[PDB]
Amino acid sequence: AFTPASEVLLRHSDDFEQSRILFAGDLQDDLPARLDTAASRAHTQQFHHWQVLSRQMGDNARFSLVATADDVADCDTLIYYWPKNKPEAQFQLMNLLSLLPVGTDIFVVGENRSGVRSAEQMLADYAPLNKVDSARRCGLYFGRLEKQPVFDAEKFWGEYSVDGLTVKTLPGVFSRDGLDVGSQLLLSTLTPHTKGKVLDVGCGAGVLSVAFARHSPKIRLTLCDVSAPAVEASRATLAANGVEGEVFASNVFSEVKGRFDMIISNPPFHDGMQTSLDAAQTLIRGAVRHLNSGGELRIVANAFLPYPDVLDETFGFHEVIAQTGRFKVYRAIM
């Protein structure tokens, strides 16, 4: 399996061979489907990861905000891939450890730069962890579950108000649940009393959608995101603001059916160049397939990323309708 975290595990292949493993956390590659095990299961809060894993693992791979007793059954080992954000890791480990049997082996693998060291303290009172020698930038930890924590997902819900808008959010929407500067720029280009079917692809907690609906109450909304927390947060946020709309999980346009008058998105900032290019291609190439005649695709994103070229390639040309010191709002028409 591809990732450095999975390479780490691969260096201890022999130990997982007779194990009945549950894989969870940031399941970036398909090691959960390939690792030689007595049995393998997975639970993820990411739709695209579930797509990949269930293709090979069927019902042994599950997707949902909250893992359940059944999702975890007949597993004597947990291999958890540490996520980038701590509240997400807390939510997931309490959820998972609260259901697995006392005695389950716990393995935690991640990157020091992503805060994997925080796991020790986090699990100190439940499953005492010890570091296993690994590559210098990687953290590999092991321990047995001694005491199950008590978990109640409802206590992790957050709620706040910004610009007269109520926002409900959950761990796992770590910088995409607010009225960020990029969102503000995108919003400034939308005119009041706009009409049509819309579709907000990079979902988040739905702040963009409820702010759009506030001045254009007739728009007909569809929201999608890969993250279960984002799907849950958005529905709650729409409801909390008297806004109707359909929200569902999707790997970009994988579950989107139909055409729209406008597609908007505030993608996350990429990391590399390839990850960035791919993300730009998928968004744009999927867009031409879901736009009514004369419909518009609108994207706000850092100017450094590769959207302009992808835009020209797909639509022939595009416009920069709004700009700041970092962001550009790109517009392309059907």
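We number the residues from 1 along the sequence you see.
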Please work out which of 270-278 and 29-37 has the higher mean CA B-factor as recorded in the PDB entry. 270-278
Mean C-alpha temperature factor, higher of 38-46 and 305-313: 305-313
Checking the entry, which one of 245, 164, 204, 217 has the top C-alpha B factor? 245
By its CA B factor, does residue 330 count among the lowest, middle or highest third of the modelled residues in the chain? lowest
Quick check for you: using the entry's CA B-factors within this chain, is residue 173 in the lowest, middle or highest third? highest
Quick tally, chain-level thirds of C-alpha B-factors: residue 185 sits in the lowest
How does residue 56 rank on Cα B-factor within its chain, lowest, middle or highest third? middle
Among modelled residues of the same chain, the CA temperature factor third for residue 300: lowest
